[PDB]
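Q: This is the structure I have questions about; it appears just below.
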Amino acid sequence: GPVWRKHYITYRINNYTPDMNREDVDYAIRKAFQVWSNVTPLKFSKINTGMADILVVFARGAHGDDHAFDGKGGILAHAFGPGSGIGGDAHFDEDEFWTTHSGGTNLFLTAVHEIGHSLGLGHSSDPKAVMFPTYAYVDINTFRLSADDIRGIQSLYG
Ligand SMILES: CCN1/C(=C/C/C=C\C=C2/N(CCCCC(=O)NCCCOCCOCCOCCCNC(=O)[C@H](CCC(=O)O)NC(=O)[C@H](CCC(=O)O)NC(=O)[C@H](Cc3cc(-c4ccc(-c5cccc(Cl)c5)cc4)no3)CP(=O)(O)c3ccc(Br)cc3)c3ccc4c(S(=O)(=O)O)cc(S(=O)(=O)O)cc4c3C2(C)C)C(C)(C)c2c1ccc1c(S(=O)(=O)O)cc(S(=O)(=O)O)cc21
Ligand SMILES: [Br-]
Ligand SMILES: [Ca+2]
Ligand SMILES: [Ca+2]
Ligand SMILES: [Ca+2]
Ligand SMILES: [Zn+2]
Ligand SMILES: [Zn+2]
């Protein structure tokens, strides 16, 4: 499967969910990228305006890419694997209620999962792994990437 053929990868937050304050969204996404940068040689750089590899979008229902979202619950988000254009981009279902902690869908955790997909990872069968198909919550201070996630991502980048 595809991998980015560079280690310096940019992202841009196309739009901001009204569920959270902007600073919280920025922080959530930043920390999510940091998860993966902590165990690879990849470096991620935030762009406010202009060209970026990984676009982050909040949208609902059908939103232009042939993979419609399905309203509150069910599918929370999705992301395309490495490549130009839509490649890498990560979309979040706005019909979820995105949150800094629990009491909705935790953005940080979901973003960790999607960025995993953005980087070219598939799913784990290990429920401890962030790349497991279904969402779970833990506090960010308690969160750890599983050995399977680390094995996965290091198999692609190192
Ligand atoms: C039999 C079976 N079935 C059924 C049943 C039913 C039953 C019952 C009912 C009831 N009850 C009784 C009791 C119960 C209790 C409770 O509550 N419980 C619950 C319920 C049960 O159910 C069962 C089921 O199973 C279980 C399991 O589950 C789990 C959960 C899950 N999750 C999920 O899903 C999420 C969502 C959430 C929300 O909501 O929000 N999601 C997710 O996750 C997703 C999924 C996907 C898939 O698919 O896989 N995912 C996603 O999105 C992705 C993204 C992401 C990821 C993430 C993450 C991950 C991970 C993580 C982690 C890891 C590790 C660690 C940590 Cl810390 C973390 C993180 C994160 N993020 O993000 C996506 P992606 O991958 O990117 C993608 C995309 C795209 C593509 Br192409 C690719 C890829 C009862 C009782 C009681 C009651 C009451 S009272 O008052 O009495 O209390 C009341 C009531 S009411 O409502 O009336 O008021 C009620 C009640 C009750 C009841 C009734 C509820 C049913 C459901 C019926 C069914 C069945 C079967 C089948 C079926 C069908 S079919 O077709 O299949 O056949 C269908 C149907 S329908 O309806 O839909 O049509 C149905 C059914
Ligand atoms: Br997709
Ligand atoms: Ca949904
Ligand atoms: Ca892209
Ligand atoms: Ca929302
Ligand atoms: Zn989409
Ligand atoms: Zn997934």
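FYI, it's all coordinate maths here, none of it is from the lab. Here the Cβ is made from the backbone with ideal geometry for all residues, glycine too, and neighbour counts use every protein chain on show.
Q: State which residue is farthest from the chain's Cα centre (by Cα) when the search covers only the stretch 45-80 and only residues that are of a type in the set (D, E, K, R) and surrounded by 15 or more Cβ atoms within 10 Å (Cβ to Cβ).
A: Across the stretch 45-80, the extreme among qualifying residues is 60.
Q: Just need a number here: residues in the stretch 143-158 that are part of a helix (DSSP H, G or I), surrounded by 15 or more Cβ atoms within 10 Å (Cβ to Cβ), more than 16 Å from the chain's Cα centre (by Cα) and in contact (Cβ under 8 Å) with a residue 40 or more places away in the chain.
A: Residues in the stretch 143-158 being part of a helix (DSSP H, G or I), surrounded by 15 or more Cβ atoms within 10 Å (Cβ to Cβ), more than 16 Å from the chain's Cα centre (by Cα) and in contact (Cβ under 8 Å) with a residue 40 or more places away in the chain: 1 in total.
Q: Let me ask something else about it. Among the numbered criteria (1) away from ligand 5 (no atom under 14 Å from the Cβ); (2) without any contact (Cβ under 8 Å) to a residue 24 or more places away in the chain, which single criterion is violated by residue 21?
A: Here residue 21 clears every test but (1).
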